[PDB]
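Heads up, what comes next is one protein chain in two forms, each shown on its own as structure tokens, labelled structure 1 and structure 2.
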Structure 1
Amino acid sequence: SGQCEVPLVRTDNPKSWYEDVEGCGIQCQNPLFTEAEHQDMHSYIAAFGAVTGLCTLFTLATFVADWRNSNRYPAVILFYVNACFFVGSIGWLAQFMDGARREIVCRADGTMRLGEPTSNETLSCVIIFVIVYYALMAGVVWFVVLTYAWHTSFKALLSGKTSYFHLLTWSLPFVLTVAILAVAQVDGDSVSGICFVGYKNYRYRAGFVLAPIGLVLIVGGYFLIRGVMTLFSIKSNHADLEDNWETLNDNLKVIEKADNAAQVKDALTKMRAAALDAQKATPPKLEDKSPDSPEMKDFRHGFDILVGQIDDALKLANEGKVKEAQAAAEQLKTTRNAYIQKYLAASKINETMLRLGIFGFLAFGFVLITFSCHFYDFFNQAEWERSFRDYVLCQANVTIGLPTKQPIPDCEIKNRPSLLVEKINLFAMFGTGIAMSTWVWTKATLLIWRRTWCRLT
């Protein structure tokens, strides 16, 4: 035994000395976790890191294999999301290279990497931090771009905005990465096997992880609610029109096979009810436009004509003319196709837009979990530090000289981080990438790869 007791190791570097304990620094194998926990977390990260790596690479290769058709917004946003999670996996898997984990996570003296960039130490820690943090943050800024684009693409039935998507997603995590290095708040950890911001000083996790993720949840959340509201607004008004069109089509059949004015008058009144009900509906072309807009007046005008022609046939039928009323119903079919059919087509929401919403909501859930776990660690780090400090000073309170009848040391870390919370965080973090990679899990991509192999061989 020597000058230092577990979890401190002997060091000649004063920048590594732990508070009042001169000549001792914190052992590189994170003292807050057991060896069994370390080996369990490394297997977890290796599994999740490799699967994210393979699934995102497949989605990247599938996009570039059909790059002529695939490079189209808002679908190509999923390509860039998958690129962030691919680059991210490399940073997480680097620790599995013979001896790289200890090279990334330890100082030259065998203590924990803290407050990096540190003078005279290698750059292995900052590079791994840059890859993991930049990829993690670019991936979530792309999530806000996914929610915004899905919200704004309903206005069709993104030109120019595409460059502002790239400017925002690649320069924002850049500014955040340079800011962390300027304040030097990168810390190493042997259980995650990476270097990251605010592991030790929890205030920096709050400002560089919780605040940016927090803001993407309120902004991304707002555009998801506005988009899902617009979607059910278009879907309901479309189905209303289809139901009114079907009512007009069925009562037109009745007037065609009628042999009395009472059968004609009854079907015309049911047609008049449908026309005035369909007039109340908001056309999909003006789903976000004024109720007195030029497009809105046009839609209503068509039904005013259609009502007039129903009433003109009703005047003849109400008095006694049967033949003169039935012939007018044939003319209603032309007015129907010229003034209504145009609006029953402008509300057909395509499959891309349908699953782009599913992916946005699914991505939101995983980012919300990530936020909650990062919040848990932020909130409880102050108590995990006083527990550790008390444990260190308990262990360092060693008997000096010949043995007196002193009781056996009784030291333990009271409260320590939750490995389960870290496993939930990493599950939702790597789970976003694996879930977003299933964007190309369609029958159409099976054909893209069939076509590619045939051209190669």
Structure 2
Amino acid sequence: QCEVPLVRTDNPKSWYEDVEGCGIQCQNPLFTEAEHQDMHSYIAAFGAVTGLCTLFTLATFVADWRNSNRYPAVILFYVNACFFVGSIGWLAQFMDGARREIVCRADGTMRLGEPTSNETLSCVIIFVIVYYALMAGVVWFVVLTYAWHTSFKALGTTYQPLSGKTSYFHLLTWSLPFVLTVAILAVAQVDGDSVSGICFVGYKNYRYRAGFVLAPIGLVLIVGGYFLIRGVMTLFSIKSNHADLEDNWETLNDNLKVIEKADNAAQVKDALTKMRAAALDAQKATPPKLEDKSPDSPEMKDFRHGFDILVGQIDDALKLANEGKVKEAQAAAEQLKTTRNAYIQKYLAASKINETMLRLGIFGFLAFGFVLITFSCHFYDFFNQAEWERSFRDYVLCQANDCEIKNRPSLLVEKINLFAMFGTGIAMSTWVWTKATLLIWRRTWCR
């Protein structure tokens, strides 16, 4: 009764749209057994390398677990817990005959619109594992971006430790995936794909991937991206202003030597004007210690008021540098040394950026870019599945009488997604690739 790619089945749930007794064969008709075997090689490679190196990093954190429950380590721990669980789920298709168990129905058709009764749990389990670890992973990524952003604002005793926020971090990171997963199962939109060897949301009805895949991931790129940009906004404000205020102090010092060793009134004059231009450039800046303060505060007032006195004292020294009162101008500029000390020296204070915090910023922008690729690949599949579906409907009709599949999913896009998803797990596992861990695995080698 049925012709390729349809298959004989007496289950009304397995039957194809309009057609009776026939349902779509389990092995993805849009891809050849060679394309499948190749894809399964890609998944096993990236999955295996992610799985054990995330396990290594997860083992490193559990070794030093007293010192690992200390921010931002505890974040990278959970980020790893998620990519490790996601790798397990993806690596389930490799167990002897497990892929057919996950992606196929009893009657040999594709496992679609799961959960269903009379069909097994193997599909929904691998979906929950992969999807729940994914959404928990991208929400732990948001936590990471927040922590990294929080490192800059807490540059003093404005200190509200992340140690207390831990209760809200574990609220969001486990309630959000739970609610989204429960919703997917309630509407039974877990579907199997043999090239993926995994069960996932809205494979078949691509419209369920908007709300459950593109909308959560889209949101984490918004909230995550906000905290990554606001942080580098502070990193570059601090690093540039300290460098600006330093270079203005240095030219001020340079000219004070040019004045001290001046053999004429013309040199003192141009050296004081250069000092005045450097004093205004320094006034038109925020000292790193006054970054978390308002651009009109009584503290920020003292900074810019000191440069008013310095410009004022420069202007008094310029009233003597125009004529032959060089000795009276150099002695005036010598009292400029004491003003520069009482109103600039204080603002050359380092405000040294912690190595752990700067490193967290490296990981945040790497986890971002990877999730950005995931979102792009998933988005691509969303906007083109209607086409792949109608090009498939035609293949079954053509073969219900030279038959081809005109449009089809891109396998480089699927491999680019899996790279940018597994590569993240490998990237976030390189957080423990430090000297301290080499010694952590040496202090446990004996003990």
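Note that the rigid core is defined as the largest set of C-alphas that superpose within 1.5 Å between two forms. One-based numbering along structure 1's sequence throughout.
Chemist: If one rigid part turns against another between structures 1 and 2, which of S290, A346, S163, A273 falls at the hinge?
Modeler: This hinge corresponds to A346.
Chemist: In whole degrees, what is the angle of rotation of the smaller rigid part relative to the larger one between structures 1 and 2?
Modeler: Turning angle of the smaller piece versus the larger: 23 degrees.
Chemist: Using the rigid core as the frame, report the C-alpha movement of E246 between structures 1 and 2, one decimal, in Å.
Modeler: Once the two forms are fitted on their core, the shift reads 7.4 Å.
Chemist: Would you look up how far the C-alpha of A444 moves between structures 1 and 2 when the rigid core is overlaid, in angstrom?
Modeler: Shift of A444 at C-alpha, rigid core superposed: 1.4 Å.
Chemist: How much does the C-alpha of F63 move between structures 1 and 2, in Å, given a rigid core overlay?
Modeler: For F63, the C-alpha ends up 0.8 Å from its position in the other form.
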